[PDB]
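Each remark here refers to the structure printed beneath this line.
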Amino acid sequence: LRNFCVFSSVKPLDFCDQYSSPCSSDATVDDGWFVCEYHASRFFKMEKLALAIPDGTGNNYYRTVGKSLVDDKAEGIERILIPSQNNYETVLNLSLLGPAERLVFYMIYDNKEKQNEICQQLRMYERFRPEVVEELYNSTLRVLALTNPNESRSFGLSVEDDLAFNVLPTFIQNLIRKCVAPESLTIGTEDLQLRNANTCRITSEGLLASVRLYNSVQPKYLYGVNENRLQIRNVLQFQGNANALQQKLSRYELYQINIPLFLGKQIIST
Amino acid sequence: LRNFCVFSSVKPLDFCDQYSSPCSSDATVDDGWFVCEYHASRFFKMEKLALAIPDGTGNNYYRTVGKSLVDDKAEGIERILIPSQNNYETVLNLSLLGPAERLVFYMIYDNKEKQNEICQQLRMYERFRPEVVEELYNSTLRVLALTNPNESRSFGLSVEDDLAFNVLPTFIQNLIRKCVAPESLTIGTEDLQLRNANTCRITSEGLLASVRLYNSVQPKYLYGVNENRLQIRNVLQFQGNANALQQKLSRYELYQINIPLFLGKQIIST
Amino acid sequence: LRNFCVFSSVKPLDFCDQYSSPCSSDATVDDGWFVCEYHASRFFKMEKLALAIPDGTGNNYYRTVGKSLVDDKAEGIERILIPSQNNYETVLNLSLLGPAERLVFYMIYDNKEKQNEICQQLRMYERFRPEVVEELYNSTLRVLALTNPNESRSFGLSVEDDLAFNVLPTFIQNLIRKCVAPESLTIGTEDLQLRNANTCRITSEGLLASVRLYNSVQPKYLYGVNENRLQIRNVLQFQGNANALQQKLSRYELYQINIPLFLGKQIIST
């Protein structure tokens, strides 16, 4: 598979002579997400980060991790990173989404009746192109087929988190496992405490950024705004003086205020 | 016999147009082992070594000897070099082995009922090739027929070792006699003390590497590993400095830390 | 997939420099069997036949069908064409079969514990080749993944046959559906009675050739016999006279006495 993004196969179902997939340049690597960074930020509000674990001889074990794009001002449904099968339609706005994306999301969350209904209502578009729904279905199914089942991953200090994670779809479970780093890894015979407190939670609503940590990250895809019209807000302002703002400290190494997803424990022994 | 290995006649019993025997290049010599170095390392975990005894006029009497591939970390069943007829099935994993190798091992250890059962269950494969079991049986029997009975070999300081060696099958007895060198040879009228302590033992379990000697030999056939996946272990590490590691001594003649099989006494008088 | 046979990936797990798959020349077509004719005859005792249904304008719909190689003299277990998950080990002689074929059959019949056990006992063979069990597992799983779920197929006049077919593994179900032709097809709005009586049955033992029909087919792979030794049987004999045997009728078109698998009904409406 040249492109591993599950949404890569989504194309306009009308008679389009040419189309370019909006997947990012990182969609060609098989990191286990099966979603490109652009689609992960657009739908699940996450970006991709690398986590290097050094053994002590030079080799580094790289593990992918999700960086939350949810701001501290966001509340309620805006804090849901990965919606669960209970309320994914409202979180992802499936009704407003196009039929291809809607069908892909239905297959991802394993809603057989909805997939069948969408297919039987998209039969007519087979007139424009004989592969509007067939090849998309085959590609999405073959991409999802790689997510089915030494690692021992627990996603919480209570059985509630584990049972909430268990009932999630297999693709959602794989995405959560790949995007959520452990609070305290257990590699070989030693424990590596990556962080002392959790950053994301797993409940019936799905994977959320429960803690109100400050996010100082500029999204690389969710950055455009309607510059033409006018908006009113009460922002905080500083003077703009180098001595007052201590701008002379900008030459020092910057500690990025990011929100990586850290939750639970992982055990890697082999 | 171009090939003296007892496992050389083992071929896939299905309809195979062509097949190449995995025997090593040394299988063409008649050293008395009747097993190639590859098969000896694969099954009995031994390699072949030559032992030159000089008389004093220039001529050298060469005797084959077994070099143990068992590491010091190996314990229990992993230390069994040549399994005895009591527990050869578990040591060699006969159940997992193919029918041809299983039948060959059954004939080697002289288990008449098992040989008959394997033959009567391999009758059906005669449909694919009319020599799946016939020519294999004849070749293995004719190879084993060379192992039946001035040398006087004792395999221990106690009668227990001798009685344990006696009850072993004739092929196993020949292999042990050829692979185990004497601790102190007695040639002509003089004794040549090859080593002062034994290295291998013979008990009801068979021929084992009882002593926990360090093995610093790289196997020439049991060297492949699963490079694709990941494994975790706590190895010992050095700095990698020439002065610290005394690398300048590498130009000196190297004393190989091998584990040749030395046990008992041999008497050659004629 | 160049080769669609599920047993194509089976290779000797030892250090083999070269190996040629015993799959027939028809293993390259995707007929839905996912087993070559050679392997189907060797294991399931079936050969492949084509069944052309003419619509009336020239186009022919081709459906694959299984031809039984079971003779009328065969009785009991010899009449089992496709063993069910209840007694497949005894029918296919899994214990005598090699570890690769045993693991493939275990994966086909979906016996998770046995697959895990065979894998954990074949770890050691990873020393010889790092893909003895990994690539075989991936290839077999990806071949089986094509068998998972307008056609309406009933495999009997009673609910017992349907429930016996339902409990079978998905690969076995696909093989039975592809190899067993319907007694009376129902295409479009008309019924085409291919045969008036069933030829194969489906019970808890699997798919069997219950009827004692005479088989006058010469197998193209199960034809070799042990010519070297001697066998005794009481065959039927004719004189060998052209007038007595009516050999002059040989120029007429020959009605082949075959045993194609016909059972149940099929409905194709779209």
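Starting from 1 in every chain, residues are counted up; chains themselves are A, B, ... following the order of the structure tokens, and ligands are numbered from 1 as listed.
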
Just asking: which residues within region 19-231 of chain C are strand (DSSP E) according to DSSP, as a PyMOL selection string? chain C and resi 46-54+60-68+80-83+151-154+184-187+190-193+201-203+206-208

Give me the residues near region 47-57 of chain A as a list in words, where near means some atom within 9 Å (using only C-alpha atoms) and where sequence neighbours in that chain fewer than 3 positions away do not count. residues 36, 37, 38, 40, 41, 44, 60, 61, 62, 63, 64, 65, 66, 67, 68, 69, 179, 181, 219, 220 and 260 of chain A; 237 of chain B

Selection file, N, CA, C and O atoms, as a compact mmCIF listing (two decimals), in the first residue's frame:
# COMPACT_ATOMS: atom_id res chain seq x y z
N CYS A 36 -3.60 9.61 7.98
CA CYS A 36 -2.57 10.62 7.79
C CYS A 36 -2.72 11.72 8.84
O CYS A 36 -3.76 11.86 9.48
N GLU A 37 -1.64 12.49 9.01
CA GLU A 37 -1.65 13.56 10.01
C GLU A 37 -2.73 14.59 9.70
O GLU A 37 -3.37 15.11 10.61
N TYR A 38 -2.94 14.88 8.41
CA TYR A 38 -3.98 15.83 8.03
C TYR A 38 -5.36 15.33 8.45
O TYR A 38 -6.14 16.07 9.05
N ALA A 40 -6.01 12.98 10.69
CA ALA A 40 -6.05 12.86 12.14
C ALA A 40 -6.34 14.20 12.80
O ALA A 40 -7.12 14.27 13.76
N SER A 41 -5.72 15.27 12.30
CA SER A 41 -6.00 16.60 12.83
C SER A 41 -7.40 17.07 12.47
O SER A 41 -8.06 17.73 13.28
N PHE A 44 -9.91 13.68 14.27
CA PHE A 44 -9.64 13.33 15.66
C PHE A 44 -8.87 14.41 16.41
O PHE A 44 -8.58 14.23 17.60
N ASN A 60 17.69 3.23 19.32
CA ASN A 60 16.52 3.91 19.86
C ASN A 60 15.26 3.24 19.33
O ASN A 60 15.11 3.06 18.12
N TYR A 61 14.36 2.87 20.24
CA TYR A 61 13.07 2.30 19.87
C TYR A 61 12.08 3.45 19.73
O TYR A 61 11.78 4.16 20.70
N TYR A 62 11.57 3.65 18.51
CA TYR A 62 10.67 4.76 18.23
C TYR A 62 9.22 4.30 18.31
O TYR A 62 8.85 3.30 17.70
N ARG A 63 8.42 5.03 19.08
CA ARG A 63 7.00 4.75 19.23
C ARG A 63 6.21 6.00 18.88
O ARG A 63 6.54 7.09 19.36
N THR A 64 5.20 5.84 18.03
CA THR A 64 4.35 6.97 17.68
C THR A 64 3.44 7.34 18.84
O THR A 64 3.08 6.51 19.67
N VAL A 65 3.09 8.63 18.91
CA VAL A 65 2.25 9.15 19.99
C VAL A 65 1.42 10.30 19.43
O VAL A 65 1.82 10.98 18.48
N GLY A 66 0.23 10.49 20.00
CA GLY A 66 -0.66 11.55 19.57
C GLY A 66 -0.48 12.81 20.40
O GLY A 66 -0.43 12.75 21.63
N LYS A 67 -0.37 13.94 19.71
CA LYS A 67 -0.32 15.25 20.34
C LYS A 67 -1.69 15.90 20.19
O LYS A 67 -2.20 16.04 19.07
N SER A 68 -2.29 16.28 21.32
CA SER A 68 -3.63 16.83 21.32
C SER A 68 -3.64 18.26 20.80
O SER A 68 -2.80 19.09 21.19
N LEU A 69 -4.59 18.56 19.92
CA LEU A 69 -4.79 19.90 19.40
C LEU A 69 -5.93 20.63 20.10
O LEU A 69 -6.31 21.73 19.69
N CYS A 179 -1.77 5.94 19.39
CA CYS A 179 -1.68 7.37 19.63
C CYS A 179 -1.48 7.73 21.09
O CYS A 179 -0.96 8.81 21.39
N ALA A 181 0.44 7.22 24.48
CA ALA A 181 1.65 6.68 25.07
C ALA A 181 1.39 6.28 26.53
O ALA A 181 0.52 6.85 27.19
N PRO A 219 -1.42 24.52 14.98
CA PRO A 219 -1.71 23.42 14.04
C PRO A 219 -1.16 23.72 12.65
O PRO A 219 -1.21 24.86 12.17
N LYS A 220 -0.63 22.69 12.01
CA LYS A 220 -0.08 22.82 10.66
C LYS A 220 -1.13 22.63 9.58
O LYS A 220 -0.81 22.81 8.39
N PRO A 260 0.98 15.93 24.66
CA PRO A 260 0.98 14.54 24.19
C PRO A 260 0.07 13.68 25.03
O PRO A 260 -0.13 13.92 26.23
N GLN B 237 28.24 -5.27 28.50
CA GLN B 237 28.82 -4.31 27.57
C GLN B 237 30.18 -3.85 28.06
O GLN B 237 30.42 -3.71 29.27

query: Any idea what's packed within 8 Å of residue 270 (chain A), counting only C-alpha atoms, ignoring anything in its chain fewer than 6 positions away? Could you give it as number ranges by chain?
result: A: 150, 188; B: 230-233

**Counting only C-alpha atoms, chain C residues within 6 Å of chain B, as a ChimeraX atom specification** = /C:96,98-99,127-128,130,222,224-226

Of B:206, B:240, B:32, B:182, the one nearest to residue 91 (chain B) when counting only C-alpha atoms is B:206

DSSP on the backbone, helix (DSSP H, G or I) only: what residues of region 12-204 of chain B does that give? Format it as a count of residues only.
79

Closest of B:8, B:234, B:3, B:218 to residue 28 (chain B), counting only C-alpha atoms, is B:3

Residue 165 (chain C) surroundings by only C-alpha atoms, 8 Å radius, close-in-sequence under 5 positions cut, as a VMD selection string
chain C and resid 155 173 202 to 203 206

For N, CA, C and O atoms, I'd like the residues from the last selection saved as a compact mmCIF listing (two decimals), in the first residue's frame.
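The result, written out as result_14.txt:
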# COMPACT_ATOMS: atom_id res chain seq x y z
N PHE C 155 -28.22 -26.19 1.12
CA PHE C 155 -27.44 -27.41 0.93
C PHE C 155 -28.20 -28.66 1.37
O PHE C 155 -27.58 -29.64 1.79
N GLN C 173 -16.57 -23.68 4.37
CA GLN C 173 -17.85 -23.28 3.80
C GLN C 173 -17.68 -22.74 2.38
O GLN C 173 -18.46 -23.08 1.48
N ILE C 202 -24.02 -33.40 3.26
CA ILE C 202 -23.33 -32.61 4.27
C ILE C 202 -23.90 -32.99 5.63
O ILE C 202 -25.08 -32.74 5.91
N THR C 203 -23.06 -33.60 6.47
CA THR C 203 -23.45 -33.98 7.82
C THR C 203 -22.40 -33.50 8.82
O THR C 203 -21.51 -32.72 8.46
N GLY C 206 -18.91 -33.84 7.81
CA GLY C 206 -18.44 -32.97 6.75
C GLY C 206 -19.18 -33.23 5.45
O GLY C 206 -20.36 -33.62 5.45
